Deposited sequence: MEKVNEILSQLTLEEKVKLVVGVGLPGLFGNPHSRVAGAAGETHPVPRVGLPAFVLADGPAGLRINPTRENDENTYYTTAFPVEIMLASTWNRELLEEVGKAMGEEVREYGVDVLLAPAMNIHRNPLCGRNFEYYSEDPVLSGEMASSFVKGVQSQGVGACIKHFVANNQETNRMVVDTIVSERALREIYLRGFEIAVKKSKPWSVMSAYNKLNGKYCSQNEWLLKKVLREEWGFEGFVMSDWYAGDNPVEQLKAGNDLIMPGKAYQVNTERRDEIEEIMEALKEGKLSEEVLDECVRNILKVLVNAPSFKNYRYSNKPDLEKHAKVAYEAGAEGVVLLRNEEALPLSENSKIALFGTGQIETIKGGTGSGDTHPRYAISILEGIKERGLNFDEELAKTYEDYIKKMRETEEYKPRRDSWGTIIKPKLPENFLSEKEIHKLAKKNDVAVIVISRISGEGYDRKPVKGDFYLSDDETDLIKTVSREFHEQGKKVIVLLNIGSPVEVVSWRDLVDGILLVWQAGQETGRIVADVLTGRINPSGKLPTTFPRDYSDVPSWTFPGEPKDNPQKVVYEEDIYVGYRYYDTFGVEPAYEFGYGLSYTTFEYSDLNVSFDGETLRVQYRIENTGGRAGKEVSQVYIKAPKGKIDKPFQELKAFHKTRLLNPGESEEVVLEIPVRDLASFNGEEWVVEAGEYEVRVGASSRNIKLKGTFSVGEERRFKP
C-alpha cells in the first residue's frame, strides 16, 4: 500500500529520475555521497517523502572513505578475508556471521545496499576477480552466498548478488559476447544465483557488464525477466553494473530497474544523459509508462524497507573490535593446508628464518571496487612478532632494509597504483647456508595480487613462479634439508598458481590466501598450531595451465576479444577433471588437518522426494579440529551425458576434541538431482551413487539409492 501510494503520487519525470543513479559520487563534476566514497546514490524526491538511498561496495568489507574534509571523525571499516578464502571455510554458519558483521557496519555508516556478494563461477584460474568469487562449483557458491546474504539482511540493510551472469573474465568485460549453451547456463552459471535468489531473497541483483549470447545482461529480457522473475520468483530489483550496457530504454524493458551509476556521458562521450533519453522515449512511445511503473515499483517495494526511508539515525560507530574477531575466525577457518610432511605445526620456540618480501608486503586482498581501507593490516612478519615467536631478528631487519631500498629505486617504486614485483633471490648461496645453521626451520612467503579490470597471464611471476622465486626455494630447501631441517611455504595468493614443479622440494605448504586486516595474526596462530587448519579448496589447482578445460579464455581475437565461447560447457572445474581423467595438482575440496578423522555409519534413504544422507565423523587424532565433508552424487548414464559426479551437499563439523564424534544429517530435495536436457530439468530413473568425501577424490563412504520414477520440471 505504501508503494502504491507513493507511486500514484509520482509525476512522470520523478519516476524517470528514480530509475537512474545520480552519477558517480565525488568524481567528475559530481558531489560526494552523504557517505563519502559510496559507489552510488538514487535520486531523492522530497515531494512525496523519498530520500536518496546509498549503495556501496563491497565483497571484502564496506568500502567508503576513511576520512572526510572538515571532519575530525574516523570512518574505518573491517577488511575481511577475500571470498575465495571465505569459500575455503565451507562453513555456512560462519559466512552468516561475516554477513552480520559487515551488515552492522553498512547500517551504522548510513548505507542502504551493500554491493555484495560477488558469486560468478571460477571458470578459469586466470580471471582477475577470482579472489572475490567463491568457487568453480554452483552449489558451494550458491550456499555460501545465501548464508552471507542472510547475515547482511538480518541487519535491516540489503545485499546485492553479482554479477548476473557469466562474468567470468575481465578482458573486455564491457564488450565481450559470451557464448554459452542453455544447459551450461542452467547447471553451472545461473545455478548459484538461482540457489541464492530462492534461499536468501537478496534485495537486489546486479546485471553483468558482458553480453550473453548476443545481448547485454543489463538488456537481456530472457535473463532478467523470464528466468529471474517468471521462473525463479525474484521479488527484489535489478541494478546495472556501473556504466554497463548501451541503451537505457532497452535496460528498463528488459527488467533492469535501476541504471547505475548514472550520467554515463561523463565516462563515454557517445552516451546521452539517460534521463533525457528515457524522457524522449516516453514522449515518442518507444517506452510505455506501465513498464516504467513496474521498474519504479520493483525498486520502491524493496527500498521502503531501507533505513534511509525511515530516517534512521546511524551512529557512525560500528563495533569494529567485535568485527575484527569475526574477521579472524573467518580467516582461521579458510586457510588451506596443502602439504605437511611432519612439518607443522612448528615446535614451540623454534627459530624461524622468514623468507620472501611478502612477509612484509603481505597481500590482504585484491584491488578494485572490492578493495578496503582498514585502520591497520597485520603483515606476516608483524603477526609473528606480535605472538612473540622466535624468528631471525637479523634476517627480518635485512628484509626490511632491502624492501625500503628497492621501493626507493626508479624501477621498483610504485607508479600508476601498481608495485613492480620485487626480486626475491637477493641472498647469496653462502648467506642462506648461514641461516640454515642458525635457525631451526625455514618459512617462505610467496605473494600474488590481482584485481578488477585485469586478467592474469599464464607466465612466470603470475600463474608460474618467477625464476628468482624458484631459485630461492631450491636453495633454501637444499640448505635446510642439508641440516636436516624442514622448509615451509606460505601461499599468500588470490587464485591458483603452479605448484607441481616445486612442491616436492618443501615439507609444508599453507595456502594463506589473502586474509584481510588480521592476516598476520591468523598465519602466526596457524603456524604454532593454535589454529588447526580446517579449510578446503573451493577451486581446482591444475598441474599446468594447459590442463585447464576453459581453453578459449579470454576469447577471440585474443588481443582484443569480441567473443568467447564456453566450449567446455558444463565440464568446468572438477566436472572436467573427473569426467575425462585429467589429474589436478590439488583437487576441488582438498585440504589437510593437524589431526585425523574417521568416517563411518553411512545411511542412505530416498522417499521419492528427499534424499537423506547420514554418517558419523570422529576425531581420531591428538588435536582438536573441524572436518569438512562433501557429498557427491554420481547419476546414472541413462539418456544424456553428465559429469562423473556433482557436489550436492556439504557439512562442517563443530570443533571436535580428540575422541569426539558428530552425526551428520544432510537432506537433498529430488529436484536438485536433475540435469537440464536443453528444454527441461530431468531426474532420470535408475541407480545413483552417494559418495561422501574428504575431497572430490578422497571418497570415504559409498552407498546407492534408486529413483523409480522419472521426474520432469519445466523452467
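Asks: What are the C-alpha gaps when you align the coordinates back onto the deposited sequence?
Replies: The deposited sequence has unmodelled segments at 1, 418-422.
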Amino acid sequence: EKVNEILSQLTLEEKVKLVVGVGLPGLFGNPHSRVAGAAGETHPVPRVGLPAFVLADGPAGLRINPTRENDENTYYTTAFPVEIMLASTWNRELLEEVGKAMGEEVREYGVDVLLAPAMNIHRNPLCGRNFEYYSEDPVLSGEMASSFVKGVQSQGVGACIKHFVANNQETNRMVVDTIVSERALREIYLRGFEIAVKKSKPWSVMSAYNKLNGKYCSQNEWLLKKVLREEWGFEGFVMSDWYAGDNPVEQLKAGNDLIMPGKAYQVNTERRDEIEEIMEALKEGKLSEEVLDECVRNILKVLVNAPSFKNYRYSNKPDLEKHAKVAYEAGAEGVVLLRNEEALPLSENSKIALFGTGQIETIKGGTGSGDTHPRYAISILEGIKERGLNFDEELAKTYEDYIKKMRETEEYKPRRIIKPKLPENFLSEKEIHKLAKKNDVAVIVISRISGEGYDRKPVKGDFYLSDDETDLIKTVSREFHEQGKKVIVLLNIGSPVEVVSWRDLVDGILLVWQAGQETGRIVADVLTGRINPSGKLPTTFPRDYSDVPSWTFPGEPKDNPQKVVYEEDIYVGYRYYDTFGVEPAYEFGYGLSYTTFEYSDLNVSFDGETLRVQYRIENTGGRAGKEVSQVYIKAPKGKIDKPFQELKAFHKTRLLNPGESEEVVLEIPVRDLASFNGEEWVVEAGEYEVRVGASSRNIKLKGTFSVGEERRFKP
From here on, numbers count along this sequence of modelled residues.
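Asks: When the Cα temperature factors in the entry are averaged, is it 292-300 or 483-491 that ends up higher?
Replies: According to the PDB entry, the answer is 483-491.
Asks: Which is higher on mean Cα B factor in this entry, 595-603 or 550-558?
Replies: It is 595-603 that shows the higher mean C-alpha B-factor.
Asks: Between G99, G529, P636, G516, which one tops the list for Cα B-factor in this entry?
Replies: Checking the PDB record, the top C-alpha B-factor among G99, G529, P636, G516 is at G529.
Asks: Out of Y615, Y574, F131, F391, which shows the largest CA B-factor listed in the entry?
Replies: Comparing C-alpha B-factors across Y615, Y574, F131, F391, the top value belongs to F391.
Asks: When the deposited Cα B-factors of this chain's modelled residues are ordered and cut into thirds, is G334 in the lowest, the middle or the highest one?
Replies: According to the entry, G334 has a C-alpha B-factor in the chain's lowest third.
Asks: Please place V690 in the lowest, middle or highest third of its chain by C-alpha B factor as given in the entry.
Replies: According to the entry, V690 has a C-alpha B-factor in the chain's lowest third.
Asks: Name the third of the chain's ranked CA B-factors that contains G589, choosing lowest, middle or highest.
Replies: It belongs to the lowest third of the chain when residues are ordered by C-alpha B-factor.
Asks: Going by what the PDB entry lists, where does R68 fall on CA B-factor within its chain: lowest, middle or highest third?
Replies: Within its chain, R68 is a highest-third residue by C-alpha B-factor, going by the deposited values.
Asks: Where does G285 sit by CA temperature factor within its chain: lowest, middle or highest third?
Replies: For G285, whose C-alpha B-factor we compare with every modelled residue in the chain, the answer is the highest third.
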